[PDB]
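K.L.:
Protein chains in written order, with the UniProt record's numbering: chain X, 69 to 117; chain W, 25 to 52, 58 to 94. Think of the CB as a built atom: it goes at the ideal place given N, C-alpha and C, for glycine as much as any other residue. So that we are looking at the same thing, I have put the structure below in structure tokens.
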Amino acid sequence: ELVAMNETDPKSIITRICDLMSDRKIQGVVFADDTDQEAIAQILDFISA
Amino acid sequence: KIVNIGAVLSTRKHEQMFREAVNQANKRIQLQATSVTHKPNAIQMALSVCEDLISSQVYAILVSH
């Protein structure tokens, strides 16, 4: 369960990752966005990888 | 004609030397030095990147180990 947010800020996404870790249940996510931004895929490679 | 400039430094005597060199090159067109630091922290330092980038004048930064 989550909610959507029309926000492209990746640091906000990282604070939301810390929010999910505060929600204490998260191990992996399966998420996307309705844009064409490979920069966030690079950010995933920087952080989640 | 002032311009903010960042860096990454382990200790802060080096930061004072960096601001001293900013004032040295300010003899020629003004310069500004923002607050720098360094941690062994892949997450909190990258978090503080945009916190130091919230000033829309830092054009160039430096990285140390």
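Who pairs with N28 of chain W in a beta bridge, going by DSSP?
P.N.:
BP columns for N28 of chain W point to W:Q61.
K.L.:
Please report whether the beta-carbon of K79 of chain X lies at a distance below 8 Å from any beta-carbon of chain W.
P.N.:
It does: the Cβ of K79 of chain X has a partner Cβ on chain W nearer than 8 Å.
K.L.:
Can you tell me whether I29 of chain W is buried or exposed, with buried defined as 16 or more other CB within 10 angstroms of its CB?
P.N.:
Buried, by the Cβ-count rule.
K.L.:
Between which two residues does the alpha helix (DSSP H) holding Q73 of chain W run?
P.N.:
Looking at the DSSP string, the run of the alpha helix (DSSP H) that includes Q73 of chain W is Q73 to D81.
K.L.:
Let me check understanding here. Comparing Cα to Cα, which of X:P78, X:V71 and X:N74 lies closest to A109 of chain X?
P.N.:
The shortest C-alpha separation from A109 of chain X is found at X:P78.
K.L.:
Would you mind reading off the limits of the alpha helix (DSSP H) that contains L88 of chain X?
P.N.:
Element bounds for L88 of chain X: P78 to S90.
K.L.:
Comparing the CB of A89 of chain W with every heavy atom of the ligand ZN, is any distance shorter than 7 Å?
P.N.:
For the ligand ZN, the structure offers nothing, since it holds no ligand at all.
K.L.:
For the alpha helix (DSSP H) holding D113 of chain X, just list the boundary residues, first then last.
P.N.:
Taken as a continuous stretch (DSSP letters only), the alpha helix (DSSP H) holding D113 of chain X covers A107 to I115.
K.L.:
How many Å lie between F42 of chain W and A62 of chain W at the Cα?
P.N.:
If I take the Cα positions, the gap works out to 8 Å.
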